[PDB]
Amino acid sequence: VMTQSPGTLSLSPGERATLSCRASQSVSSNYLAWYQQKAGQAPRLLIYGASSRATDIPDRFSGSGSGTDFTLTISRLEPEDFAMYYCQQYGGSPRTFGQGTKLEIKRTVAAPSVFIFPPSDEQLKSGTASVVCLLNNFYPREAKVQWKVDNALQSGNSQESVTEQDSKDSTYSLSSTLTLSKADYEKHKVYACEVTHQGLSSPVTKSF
């Protein structure tokens, strides 16, 4: 492969970021090309040959080539620059793409907002009961969701969108659902969903 480091490179806004790709027989005096992939979109070329830029690429992007290794440089950091960046070359085997580095910028830490919804009457009439915990407007994204039943921890059926998807606001959101039999909901007086974001642990409880 081609060594693109790290899996994550993080940089403050207004700062200059450097992403490194290194290989021995892949470079072999051959060309190295870099691409930009925004979240959920196809890659777009930024620099070709490590020193030449395609049109529609801002001047802040720049590149260098140093024998086995080369780099991608963003002198000025902007929220738009947030993406995953890749390196490519040709080797003895067919063309090689580097693993990629994710670029992160400092931004506003946000408070998680949690909403718990008790199982529906129609669902209970159906005989299938599901209780839902909803998490929105939280940054940074990392979060741990715990469902407690009568102050007793439950891992029976906890299915959560552990992957937090960034909203258009650039603050991440997540969903968690606990599925239980209808009798268990009535048998246990109190159900609660507790989420720990940073040190902030926010519990919300719903009950029959």
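Numbers follow the displayed sequence, beginning with 1.
A.B. asks: Which is higher in the entry, the mean Cα B factor of 38-46 or that of 61-69?
C.D. replies: It is 61-69 that shows the higher mean C-alpha B-factor.
A.B. asks: Test of understanding: from the entry's C-alpha B-factors, which stretch has the higher mean, 71-79 or 108-116?
C.D. replies: Looking at the recorded C-alpha B-factors, 71-79 comes out higher on average.
A.B. asks: Which of these has the highest Cα B-factor in the record: 128, 88, 136, 101?
C.D. replies: Top of the list by C-alpha B-factor: 128.
A.B. asks: Report the third (lowest, middle or highest) to which the CA temperature factor of residue 154 belongs, ranking only the modelled residues of the same chain.
C.D. replies: Residue 154: CA B-factor falls in the middle third of its chain.
A.B. asks: Residue 30's Cα B-factor: lowest, middle or highest third of the chain?
C.D. replies: Residue 30: CA B-factor falls in the middle third of its chain.
A.B. asks: Relative to the other modelled residues in the chain, which third contains the C-alpha temperature factor of residue 174: lowest, middle or highest?
C.D. replies: Within its chain, residue 174 is a lowest-third residue by C-alpha B-factor, going by the deposited values.
A.B. asks: Among the modelled residues of this chain, does the Cα B factor of residue 3 put it in the lowest, middle or highest third?
C.D. replies: Residue 3: CA B-factor falls in the middle third of its chain.
A.B. asks: By its CA B factor, does residue 182 count among the lowest, middle or highest third of the modelled residues in the chain?
C.D. replies: Tercile = middle for this residue's CA B-factor.
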